[PDB]
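S.K.:
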Amino acid sequence: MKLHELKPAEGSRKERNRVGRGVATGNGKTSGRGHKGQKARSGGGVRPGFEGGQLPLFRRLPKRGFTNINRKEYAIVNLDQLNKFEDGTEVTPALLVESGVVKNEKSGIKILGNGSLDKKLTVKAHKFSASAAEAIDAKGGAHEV
Amino acid sequence: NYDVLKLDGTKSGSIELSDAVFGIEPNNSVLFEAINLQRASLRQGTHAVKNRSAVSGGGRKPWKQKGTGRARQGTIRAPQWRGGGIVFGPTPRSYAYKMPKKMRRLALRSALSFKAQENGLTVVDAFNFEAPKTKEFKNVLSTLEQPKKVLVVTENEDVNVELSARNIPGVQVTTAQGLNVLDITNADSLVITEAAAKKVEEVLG
Amino acid sequence: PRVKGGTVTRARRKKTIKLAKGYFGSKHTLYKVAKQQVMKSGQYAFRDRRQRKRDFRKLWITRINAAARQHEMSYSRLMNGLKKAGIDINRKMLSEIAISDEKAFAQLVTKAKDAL
Amino acid sequence: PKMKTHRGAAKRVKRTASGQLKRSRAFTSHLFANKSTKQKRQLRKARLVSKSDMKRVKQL
RNA sequence: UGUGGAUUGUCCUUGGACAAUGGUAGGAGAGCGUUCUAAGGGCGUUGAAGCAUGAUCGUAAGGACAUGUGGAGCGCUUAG
RNA sequence: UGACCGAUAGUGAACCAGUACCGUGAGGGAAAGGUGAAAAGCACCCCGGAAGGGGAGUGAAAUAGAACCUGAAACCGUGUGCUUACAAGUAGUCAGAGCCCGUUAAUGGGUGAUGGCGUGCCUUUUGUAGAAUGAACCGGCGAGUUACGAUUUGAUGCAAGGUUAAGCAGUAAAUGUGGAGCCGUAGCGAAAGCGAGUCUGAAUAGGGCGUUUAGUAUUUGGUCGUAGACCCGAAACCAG
RNA sequence: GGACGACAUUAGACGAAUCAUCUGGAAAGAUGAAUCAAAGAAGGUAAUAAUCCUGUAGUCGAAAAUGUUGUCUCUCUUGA
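And the structure:
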């Protein structure tokens, strides 16, 4: 609108709450911090996890399992993300990354049958499951690894 | 949608170049954030004060801890002392942020449409002066009856249109690529060139 | 921007010193003592704003009890017989009539005397 | 700066929403009856997760 | 209890209601004023800001208007 | 150049500043801006030894005369309306004669012979009129802030998608361009692994966590993490 | 290791054109009519000045200086 009558969205901006500025505000003097103790001291308080002396929760439970850095992650793709183009052919990773249905291929492309293909297009990815191939076989595509 | 090209009264090839850029519904929530962020990056954080560990001196205890009958002090540059020592004062920082590209375009198209639905748009024909003549631009604006505040639009780098009509109270010059949401919301009328009238219809279309 | 205080702390301190006008000593000069005296005045006025409806009520009773013993009668008895004859009159009005037209009051006593 | 994780919570795996933990008493103590040793099932963390859910916050 | 008024939450779906309204540590909601910026429109040697006095106005923080002193700047509306 | 300060602020220092002053020495370290447009800075007369006054004169102004723009409180005085020497008092407040007034004009204002009721304020406490703590009075200054992260709520844009970083050509324009990356769309298991299911293990059986999918980018509020982290205050430790 | 210039930058250059009334101790104010503008940033002038000073936009740059060094030679050579 004008620069001398502009108004913001309703309930979009609010005023900040200032503590210690009177007794009518209801947050003065003590400023909602109690009376005494170690939680009312400037910059006081225990570490996030301290039990006050009792053994911490993450100290009684034992650890187990390694990490195995060398891990192969495959971009999971459903069967409902392949029915975007009718009468498709040769759905390679290069045509899938530029399709917008998949991006940043971690290390290959695995297909998982979650829905119905509802088409007879030729598939061609890295590897599939024991159902994906079956669905592709029913369609008529030459799924090659 | 049917605008009429003009040139000192004379009407030229009427151009109906106006679809989703002009005559659309403007947003009153995406136009407020576009103006609040426009003047937010036009601020310079050049303000600072000295704290308790910045004032000169104040390293020796004033008197004894107890046995004098006075308040227990620690330094001569404390915050409650007249010497100095601010607590939480201002500090050098920036006030500029960012917003989604989609919103940036919406707000830009939400301002031009408002100027087209308020009879404040005027698509004139290509114009060029041999030398920056402020008097020549004075009579030029006198013919095209408009408001005090205006905002001429340039196509590329009109040096004769930039140097001239720049020292006028209530007049601003800019290019199609340099179209903001503050200068367009500060003016009352718009004067874009026919050639630069379709250039903004493609970049914002 | 530094916002230094001024012309706002003395404008509110000059409004509490004007309310304490007529006090004895330094209770109308200093503001530290004026605020305390003005803070108690409001607590007193509100407390005696309900005690003013008890003093006047007791006053009328005393006046009606003295103007009822002249006709060999008692306030308790007079009132008892005045309510048995179905009469709705305030204690402030009864006393107002006794101080004025005595004849009227005299007749009223007889009406509440044969109603017993 | 960035916030740091508790590196000694190598004892919790993030489920979809919540966290799964390991069973204490799990070793070097086996003079036990056999109905007892056998229950080495998986339990999740309790609603003490309001004391320590900010410390494992990028385990995700 | 009688008579007039204030706020709520309800209710009915425009004012009669229905109920309700002690309060510390605390939680939630709606406001007043101070300094600076932007836009629009204003006031001022025919006397601005400040200061002094007054029997005035708003449910509170507060806001106007005359009069004296003073001799150059300062309000108002919307937002930050 | 500035949504930086404007003389207790900003440099310790706008002026006589590292100067008065303080210590054997290393060293510590203040207070203090403003007549007027132009000195035209009171010629002359009167009182006084002088200081300073009262006239006069200069000026728009002399209650602008170097204690020199404006001049607020505490504090100190002079005149004047009503009241006070038989009285027991957190000094007020409610009712109320008499004697004087006359406004922002309203069931107005000042003073107070008598009557009823009434043990200041802050902090800390099971509890304070307390003989528990703090303040002689007045004015000025003096305490939840910012940067980067995490989580939740409101608002808006797009939606199975959402969005950019450092950069580069620009009013130090913060709008274009920039697809390394980040979150989500699929989980389960110590892993290899399999996958709408998976691990369990002798068991597809019974169970555990999943499946019926709405998220994401920026901003607003609440709280938290790393920094001194709401403000002031120690005995003491180490280096030169 | 230095002759060779041209140019981006650091003093100084010239630097557009206002009168009249009113109130005033004095107007830049009000009011009325004008006129420059690659200069309507800012300060002074007996009050608030784009046209009374100081400048500013921009023009010579500058008796130079190097900074981008754009450029000829000069000793820089023998390698396959």
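Chains as they are written, first to last, in the authors' numbering: chain O, 1 to 145; chain J, 3 to 207; chain S, 2 to 117; chain j, 2 to 61. Think of the CB as a built atom: it goes at the ideal place given N, C-alpha and C, for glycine as much as any other residue.
What would DSSP say about J:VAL173, mapped onto helix, strand or coil?
M.R.: Strand.
S.K.: Distance, Cα to Cα, S:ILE18 vs S:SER27?
M.R.: One C-alpha to the other measures close to 11 Å.
S.K.: Checking contacts by CB at 8 Å: is J:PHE34 closer than that to chain O?
M.R.: Yes - at least one Cβ of chain O is within 8 Å of the one on J:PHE34.
S.K.: Thinking C-alpha only, which one of j:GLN43, j:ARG48, j:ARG45, j:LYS52 is nearest O:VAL46?
M.R.: Out of j:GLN43, j:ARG48, j:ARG45, j:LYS52, j:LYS52 has the C-alpha closest to the C-alpha of O:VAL46.
S.K.: Closest Cβ-Cβ distance between j:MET55 and chain O: below 8 Å?
M.R.: It does; some Cβ of chain O falls within 8 Å.
S.K.: Decide yes or no for the touch test of the region 82-91 of chain J against the region 50-62 of chain J: beta carbon pairs closer than 8 Å, at least 3 of them.
M.R.: Touching, yes.
S.K.: Could you say which of J:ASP10, J:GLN174, J:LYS63, J:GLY59 lies nearest to J:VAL142 if we only look at CA atoms?
M.R.: J:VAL142 has its Cα closest to that of J:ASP10, out of J:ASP10, J:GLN174, J:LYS63, J:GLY59.
S.K.: What do you reckon, are the CB atoms on S:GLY82 and S:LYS104 nearer than 8 Å?
M.R.: Against a cut-off of 8 Å, the Cβ pair of S:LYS104 and S:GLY82 comes out as no contact.
S.K.: Which value, in whole angstroms, describes the spacing of the CA atoms of O:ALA75 and J:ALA36?
M.R.: Each residue's Cα considered, the two are about 38 Å apart.
S.K.: Would you check if there are 3 or more beta carbon pairs closer than 8 Å linking the region 90-97 of chain S to the region 21-38 of chain j?
M.R.: Touching, no.
S.K.: So which of O:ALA9, O:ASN83, O:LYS110, O:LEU6 has the shortest CA-CA distance to O:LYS72?
M.R.: When each option's Cα is compared against that of O:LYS72, the closest is O:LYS110.
S.K.: Which residues of chain O have a Cβ atom closer than 8 Å to the Cβ of J:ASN188, listed in chain order?
M.R.: Those are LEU3, listed as they occur along chain O.
S.K.: With a cut-off of 8 Å, do at least 3 Cβ pairs link the region 161-172 of chain J to the region 130-150 of chain J?
M.R.: Short answer: they touch.
S.K.: By the criterion of Cβ-Cβ separation under 9 Å, what are the contact partners of j:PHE28 in chain O?
M.R.: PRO62, listed in chain order.
S.K.: How is the alpha helix (DSSP H) around S:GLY82 delimited, first residue to last?
M.R.: Residues 76-85.
S.K.: Using a C-beta cutoff of 8 Å, does J:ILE37 count as contacting chain O?
M.R.: Cβ-Cβ to chain O under 8 Å: yes for J:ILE37.
S.K.: So what does j:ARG45 bridge to, in DSSP terms?
M.R.: DSSP lists j:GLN21 as partners of j:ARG45.
S.K.: How big is the Cα-Cα spacing for J:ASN182 and J:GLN119?
M.R.: J:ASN182 and J:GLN119: Cα-Cα distance of roughly 19 Å.
S.K.: Is there a Cβ from chain O that is less than 8 Å from the Cβ of j:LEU49?
M.R.: With 8 Å as the cut-off, j:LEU49 counts as an interface residue toward chain O.
S.K.: How long is the line joining the alpha carbons of S:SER77 and S:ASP56, rounded to whole angstroms?
M.R.: Distance between the alpha carbons of S:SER77 and S:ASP56: 19 Å.
S.K.: Is the beta carbon of O:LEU3 closer than 8 Å to that of J:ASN38?
M.R.: Taking 8 Å as the Cβ cut-off, J:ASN38 and O:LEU3 do not qualify as a contacting pair.
S.K.: O:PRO8 touches chain J at which residues, Cβ-Cβ below 7 Å?
M.R.: What O:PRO8 touches in chain J: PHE34.
S.K.: Please confirm if O:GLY49 has its CB atom under 8 Å from at least one CB of chain j.
M.R.: With 8 Å as the cut-off, O:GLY49 counts as an interface residue toward chain j.
S.K.: Over the uninterrupted beta strand (DSSP E) stretch that includes O:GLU90, give me the two end residues.
M.R.: 89-91 is the span of the beta strand (DSSP E), which, as asked, contains O:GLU90.
S.K.: For the alpha helix (DSSP H) that J:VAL205 lies in, which residues bound it at each end?
M.R.: Taken as a continuous stretch (DSSP letters only), the alpha helix (DSSP H) holding J:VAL205 covers 201-205.
S.K.: What is the DSSP secondary structure of O:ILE76, reduced to helix, strand or coil?
M.R.: In the structure shown, O:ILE76 sits in a strand (DSSP, three-state: E or B).
S.K.: Look at the alpha carbon of J:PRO149 and the alpha carbon of O:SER12, and state the distance between them as a whole number of angstroms.
M.R.: Rounded to the nearest angstrom, the two C-alpha atoms are 34 Å apart.
S.K.: Could one say the Cβ of j:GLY9 lies closer than 8 Å to chain O's Cβ atoms, at least one of them?
M.R.: Yes, because at least one Cβ of chain O sits closer than 8 Å to the Cβ of j:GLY9.
S.K.: Check whether chain j comes within 8 Å of O:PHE85, counting only Cβ atoms and requiring the distance to be less than that.
M.R.: Judged by the 8 Å Cβ criterion, O:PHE85 is not in contact with chain j.
S.K.: With a 10 Å radius around its C-beta and 16 neighbouring C-beta atoms as the bar for buried, classify J:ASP160 as buried or exposed.
M.R.: With 16 or more other Cβ atoms within 10 Å, it is buried.
S.K.: Going along the region 108-133 of chain J in order, which residues come within less than 8 Å of chain O, judged by CB to CB distance?
M.R.: Those residues of the region 108-133 of chain J that come within reach of chain O (Cβ to Cβ, closer than 8 Å) are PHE116.
S.K.: Closest Cβ-Cβ distance between j:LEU22 and chain O: below 8 Å?
M.R.: True, the Cβ-Cβ gap to chain O drops below 8 Å.
S.K.: How is O:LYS139 classed by DSSP in three states: helix, strand or coil?
M.R.: If DSSP states are grouped into helix, strand and coil, O:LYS139 belongs with the helices.
S.K.: Is the beta carbon of O:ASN78 sitting closer than 8 Å to the one on O:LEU117?
M.R.: No, Cβ-Cβ distance for O:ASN78 and O:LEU117 is not below 8 Å.
S.K.: Given J:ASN130, which residues of its chain have a CB within under 8 Å of its CB, disregarding the five upstream and five downstream residues?
M.R.: Result list for J:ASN130: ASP160, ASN162, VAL163, in chain order.
S.K.: Please name the residue or residues paired with J:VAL152 in a DSSP beta bridge.
M.R.: Looking at the DSSP assignment, J:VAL152 forms a beta bridge with J:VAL173.
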